[PDB]
Amino acid sequence: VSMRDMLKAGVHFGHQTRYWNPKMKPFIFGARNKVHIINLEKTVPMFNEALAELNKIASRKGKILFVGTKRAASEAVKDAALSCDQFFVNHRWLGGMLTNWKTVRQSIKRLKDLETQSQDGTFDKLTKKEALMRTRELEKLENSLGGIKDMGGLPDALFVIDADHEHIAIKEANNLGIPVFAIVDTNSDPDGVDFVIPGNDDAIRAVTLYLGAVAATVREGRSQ
Amino acid sequence: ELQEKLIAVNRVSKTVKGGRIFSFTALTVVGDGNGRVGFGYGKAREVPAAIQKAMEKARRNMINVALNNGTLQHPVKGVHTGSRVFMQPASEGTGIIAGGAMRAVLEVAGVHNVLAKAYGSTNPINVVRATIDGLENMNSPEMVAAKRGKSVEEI
Amino acid sequence: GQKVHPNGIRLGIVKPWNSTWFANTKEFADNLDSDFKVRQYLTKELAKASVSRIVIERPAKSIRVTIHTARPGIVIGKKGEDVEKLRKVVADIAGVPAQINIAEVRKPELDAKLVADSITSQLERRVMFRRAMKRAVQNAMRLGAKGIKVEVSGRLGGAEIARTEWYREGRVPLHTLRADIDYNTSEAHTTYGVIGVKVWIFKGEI
RNA sequence: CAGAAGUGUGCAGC
RNA sequence: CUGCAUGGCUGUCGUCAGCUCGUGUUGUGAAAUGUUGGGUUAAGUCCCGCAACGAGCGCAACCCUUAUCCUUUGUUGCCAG
RNA sequence: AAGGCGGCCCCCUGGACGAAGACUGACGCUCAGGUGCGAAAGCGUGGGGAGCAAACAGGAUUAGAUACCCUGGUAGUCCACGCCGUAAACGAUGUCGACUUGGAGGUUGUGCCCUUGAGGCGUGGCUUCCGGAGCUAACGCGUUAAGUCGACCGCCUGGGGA
RNA sequence: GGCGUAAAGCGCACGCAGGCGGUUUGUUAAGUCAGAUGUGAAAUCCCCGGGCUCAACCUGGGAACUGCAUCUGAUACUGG
Ligand SMILES: [K+]
Ligand SMILES: [K+]
Ligand SMILES: [K+]
Ligand SMILES: [K+]
Ligand SMILES: [K+]
Ligand SMILES: [K+]
Ligand SMILES: [K+]
Ligand SMILES: [K+]
Ligand SMILES: [Mg+2]
Ligand SMILES: [Mg+2]
Ligand SMILES: [Mg+2]
Ligand SMILES: [Mg+2]
Ligand SMILES: [Mg+2]
Ligand SMILES: [Mg+2]
Ligand SMILES: [Mg+2]
Ligand SMILES: [Mg+2]
Ligand SMILES: [Mg+2]
Ligand SMILES: [Mg+2]
Ligand SMILES: [Mg+2]
Ligand SMILES: [Mg+2]
Ligand SMILES: [Mg+2]
Ligand SMILES: [Mg+2]
Ligand SMILES: [Mg+2]
Ligand SMILES: [Mg+2]
Ligand SMILES: [Mg+2]
Ligand SMILES: [Mg+2]
Ligand SMILES: [Mg+2]
Ligand SMILES: [Mg+2]
Ligand SMILES: [Mg+2]
Ligand SMILES: [Mg+2]
Ligand SMILES: [Mg+2]
Ligand SMILES: [Mg+2]
Ligand SMILES: [Mg+2]
Ligand SMILES: [Mg+2]
Ligand SMILES: [Zn+2]
């Protein structure tokens, strides 16, 4: 990746000065039309370092969890996560999805057994009302958990799209001591993040660039 | 490995439309000796359930303290809420001169020789907080030297 | 408030009657009386043989009694020498000739009557009631009950004022008529008076 | 628009 | 004699829609959240949202009776031809 | 300064703040005792008296109603000159000085920029509301601190009695 | 150790005595620091040892007597 790629993606656009967080001050180049501009020549080396450590843990065969919740970003998140065989949460983050893993695993095994009886179990044996309600259960379980259904345990690292929106996941990962990689925007607080990646968290093309570089590095490390 | 202590049991209560519900709380500490300790506060409707929750909480939430061959590196002042705790290292064979709530913590930490005094509120929970805070602030010659860049011959 | 007795509400739905015979109004009361007498006798006799249940059937102007017990060899006696005494005394009480059959309760820990009697005996042994209750619940659950609850009532531990204490594990749907809720009650005669023990065990629906 | 008062004293649930 | 030493049984708020627990999280703590919010229902009934995720006792259903039909048997019941 | 100050005009008069310099050269801060100012009610002497209204009278309401409500009504409220010296006289927060992430507004100076405006960017004074670290028993405070410090003064030591 | 709400900021201000004092150079040596000398009665109190059949008691030596005073030096800080 190069600064021209990031400029093409518009990652330098921060938020309005009204909503800035002073902790981000070191990563700000300045303002234009009272909008903050993110310093790209700081971003680039930090992002390279983040990718280097991601590659390190990928070569350890570690399991990556991608996290985003945002209308358009969720689909690119899913696509990239599957593209590197890694796990994802792209709908609502459940409170306690990791710190309460010992519970949520029950809902995952429920999803598995519900799918197995749905497809192989000859689900048509049920009454129409029961079949309907159990299919709606299946739908909701899919939406909430399908991206981690096979994770089998805690992830080795979280990659996060918005440290201010997904702060719950960051705080849970800190509680568990798992390293957090996150895109951090001028309104976010970085202190929960181990590998801050300062940049716009809203432009779909910026998200595409970030997820692309991440998934490329993951595939690289997996191929070892 | 771990030594465990039960410091306190207290019966709290919730009022409800029908009357009073009584619940038990238990404060416990655990430690390896050798300067690792943690405390756990549990709640249940039964005393042994409260104690088991306290122990499970106290096996995580556990911190390291740089003990000086079984005493403190230097005197320390710890504070939490209303509880102020003074602790001072002591010569060998002094033993633990402390109150019960502090004696439990210092025993499971393995600090054989200490002088300690509680001031203000002796409330066991906040006393344990203040003692852990103090032990967590205590620092040792090697990392003081590392901070200041001197050799430890500076001692 | 009060609850319906969980066995009686399920009679004919999922629970059978413990007596089965047809009688006209003339002999009905005498049958019921002699059944009561034989039940009372057998309960007083076998008090340590872990008799769970007594079924009385009156075929062909005869009585036959089936005894369900978790300790069959004690009831049968060596070479069967004891059932002879039981059947003779039962023939004396009922007047009609008597037959006795014995059946094993394989897992007494899943029998509400035997669990209730166990807790009662332990209470009379001055065991701590908390331990008796916990042991009962844990054993029932580990042996595969779909659920259990137990209750003990009155002057527990010699306390000056009575209490009720109850403990529950698993699922216990008393309003579900399909539920085969086994239920029983027993009473411990401590030096302080009567302690009442109630046990409910759920073994699945239908 | 009107509508006042409620004798003393206790005990379990660790 | 003591229901103010008890068991069992029963009334009542009330057939009212409520009452709790595990794990997680927040608070020095008693505790809180869940169980609150927008709609909806006879109903903590159901759907969306949400640091909560699940579960239990309740609601509902299973049970009896009544309102329609069909098969089978047809006396001590019935009488279309 | 606080108590406080509200139609318009004139006379006398105090303080604050901003820009640019010039000047003196530690002349400063706090303050026991002391001195001054100090809402309303109240007091003295002389005026004025519309409205309002303690006291008081009558009518109601009520078990009663020395009240609440209604009809009246005196001191007082206003003016001049004295006295009194207290208030939830409150930010329930002593005066002075330094340091420490921000955001949105009000009011009043001033600099620069095509001044093009109902415009952009800087720099002072005072003031309102959120909130970060930190502090606090908690509530909360939060560059106008209840944060980190220094100087001086006033005050507290269980509830009643008081 | 405290003073927003638990007891506690005078209603506000001025100001004498008092407490406190930006920065630089020189000088003094009052405060401060160092050294020496005298004094600080014995007993009592601590330490090391003796004697009573042990102990309590008695007793040898030491330390201490946290101080006071007078000389001779230092001048960073404070005061002049
Ligand atoms: K009773
Ligand atoms: K909980
Ligand atoms: K003027
Ligand atoms: K004064
Ligand atoms: K009037
Ligand atoms: K009245
Ligand atoms: K008048
Ligand atoms: K007193
Ligand atoms: Mg105290
Ligand atoms: Mg009266
Ligand atoms: Mg009363
Ligand atoms: Mg009576
Ligand atoms: Mg409720
Ligand atoms: Mg609702
Ligand atoms: Mg329900
Ligand atoms: Mg909800
Ligand atoms: Mg006046
Ligand atoms: Mg007058
Ligand atoms: Mg007059
Ligand atoms: Mg009037
Ligand atoms: Mg006063
Ligand atoms: Mg005051
Ligand atoms: Mg604030
Ligand atoms: Mg301050
Ligand atoms: Mg007093
Ligand atoms: Mg105090
Ligand atoms: Mg008060
Ligand atoms: Mg006060
Ligand atoms: Mg004041
Ligand atoms: Mg002054
Ligand atoms: Mg003065
Ligand atoms: Mg002066
Ligand atoms: Mg000076
Ligand atoms: Mg001198
Ligand atoms: Zn953003």
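What you see below is based on every heavy atom in this structure, not just the backbone, and it leaves out hydrogens, waters and symmetry mates. In what follows, chains are A, B, ... by sequence order, proteins preceding strands, each numbered from 1.
Look at the P atom in both E/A52 and E/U25: the space between them is 14 Å, to the nearest Å. Nucleotides E/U20 and E/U10 are separated by 25 Å at their P atoms, to the nearest Å. With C1' as the reference atom, F/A57 and F/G6 are 41 Å apart, rounded to whole Å. Comparing the same atom, P, in F/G124 and in F/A98 gives a spacing of 15 Å after rounding to whole Å. Nucleotides F/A146 and F/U136 are separated by 8 Å at their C1' atoms, to the nearest Å. The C1' atoms of G/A42 and G/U59 are separated by 15 Å, rounded to the nearest whole Å. Straight-line distance between the P atoms of F/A32 and F/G154: roughly 7 Å, to the nearest whole Å. Only the P atoms considered, G/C14 is 16 Å distant from F/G33, to the nearest whole Å.
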Grab the N/O contacts between the protein and nucleotides 11-14 of chain E below 3.5 Å, and write none if there aren't any.
| from | atom 1 | to | atom 2 | distance (Å) |
| --- | --- | --- | --- | --- |
| E/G11 | OP2 | C/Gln2 | NE2 | 2.8 |
| E/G11 | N7 | C/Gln2 | NE2 | 3.4 |

Enumerate the protein-to-nucleotides 99-104 of chain F contacts in which both atoms are nitrogen or oxygen and the separation is below 3.5 Å.
| from | atom 1 | to | atom 2 | distance (Å) |
| --- | --- | --- | --- | --- |
| F/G102 | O3' | A/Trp20 | NE1 | 3.4 |
| F/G102 | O2' | A/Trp20 | NE1 | 3.2 |
| F/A104 | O3' | A/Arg18 | NH1 | 3.2 |
| F/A104 | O3' | A/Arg18 | NH2 | 3.4 |

Distances under 3.5 Å between protein N/O atoms and the N/O atoms of nucleotides 30-34 of chain E, please, pair by pair.
| from | atom 1 | to | atom 2 | distance (Å) |
| --- | --- | --- | --- | --- |
| E/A30 | OP1 | B/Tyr41 | OH | 3.1 |
| E/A30 | OP1 | B/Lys43 | NZ | 2.9 |
| E/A31 | OP2 | B/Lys43 | NZ | 2.9 |
| E/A32 | OP1 | B/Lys14 | NZ | 3.1 |

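Side-chain contact annotation: B/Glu4 with B/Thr28, donor-acceptor N/O pair under 3.5 Å absent.
The stretch residues 129-148 of chain C does not touch RNA chain E, since none of its heavy atoms comes less than 4.0 Å from the strand. Taking every heavy atom of residues 149-179 of chain C and every atom of RNA chain E, pairs under 4.0 Å involve C/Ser153, C/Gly154, C/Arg155, C/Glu160, C/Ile161, C/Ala162, C/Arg168, C/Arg171, C/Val172, C/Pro173, C/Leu174, C/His175, C/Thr176, C/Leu177, C/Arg178, by number.
With a glycosidic angle no more than 90° from 0, F/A145 adopts the syn conformation. Nucleotide F/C27 carries a syn base; the chi torsion (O4'-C1'-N9-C4 or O4'-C1'-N1-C2) is within 90° of 0.
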Review item, side-chain donor-acceptor pairs of residues 39-46 of chain B, under 3.5 Å, at least two apart:
| from | atom 1 | to | atom 2 | distance (Å) |
| --- | --- | --- | --- | --- |
| B/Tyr41 | OH | B/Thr25 | OG1 | 3.3 |

**OP:** Would you write the dot-bracket representation of RNA chain F, where each base gets (, ), [, ], | or . depending on whether it forms a Watson-Crick or G-U pair under 3.5 Å and with which partner?
**Re:** ...........................|||...||||....((((((...((...((((.........))))...))))))))..........((((((..((((((((((((.....))))))))))))...((..||)).....))))))||||......

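Using a 4.0 Å heavy-atom criterion, one finds that A/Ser107 contacts the sugar-phosphate atoms exclusively. Among the protein residues, B/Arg60 comes within range of the sugar-phosphate backbone only, with heavy atoms under 4.0 Å from sugar or phosphate atoms but none that close to a base.
Here side chain to side chain donor-acceptor pair (under 3.5 Å) pairs that include residues 116-127 of chain B, with residues two or more places apart or in two chains, number zero. Listed by first then second residue, pairs satisfying side chain to side chain donor-acceptor pair (under 3.5 Å) with a partner in residues 6-20 of chain B number zero, not counting sequence neighbours. Counting only residues at least two apart or in different chains, side chain to side chain donor-acceptor pair (under 3.5 Å) contacts with residues 189-206 of chain C comprise C/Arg126-C/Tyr192, C/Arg171-C/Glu205, C/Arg178-C/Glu205. Residue pairs that meet the salt bridge (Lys or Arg N to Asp or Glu O under 4.0 Å) test with at least one member in residues 127-149 of chain C, sequence neighbours left out, are C/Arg130-C/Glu165.
Between B/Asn126 and C/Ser186, the one whose closest nucleotide on RNA chain E sits nearer the 5' end is C/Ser186. The 5' end of RNA chain E is approached more closely, in terms of each residue's nearest nucleotide, by C/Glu187 than by the other of C/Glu187 and B/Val16.
Under 4.0 angstrom from either OP1 or OP2 of E/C9 there lies at least one side-chain N or O belonging to C/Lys198. The phosphate of E/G22 (OP1 or OP2) has a side-chain N or O of B/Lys53 nearer than 4.0 angstrom.
Side chain of B/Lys57, nearest nucleotide from E/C53, E/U28, E/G24: E/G24.
The partner of E/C62, taking Watson-Crick or G-U wobble pairs whose two distances both stay under 3.5 Å, does not exist in any strand shown.
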**OP:** Go along nucleotides 38-52 of chain E 5' to 3' and tag each nucleotide: B for a protein heavy atom under 4.0 Å from its base, S when only backbone or sugar atoms are that close, - otherwise.
**Re:** ---------S-SBBS

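With both distances required under 3.5 Å, E/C21 does not pair with E/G7 in Watson-Crick or G-U wobble fashion.
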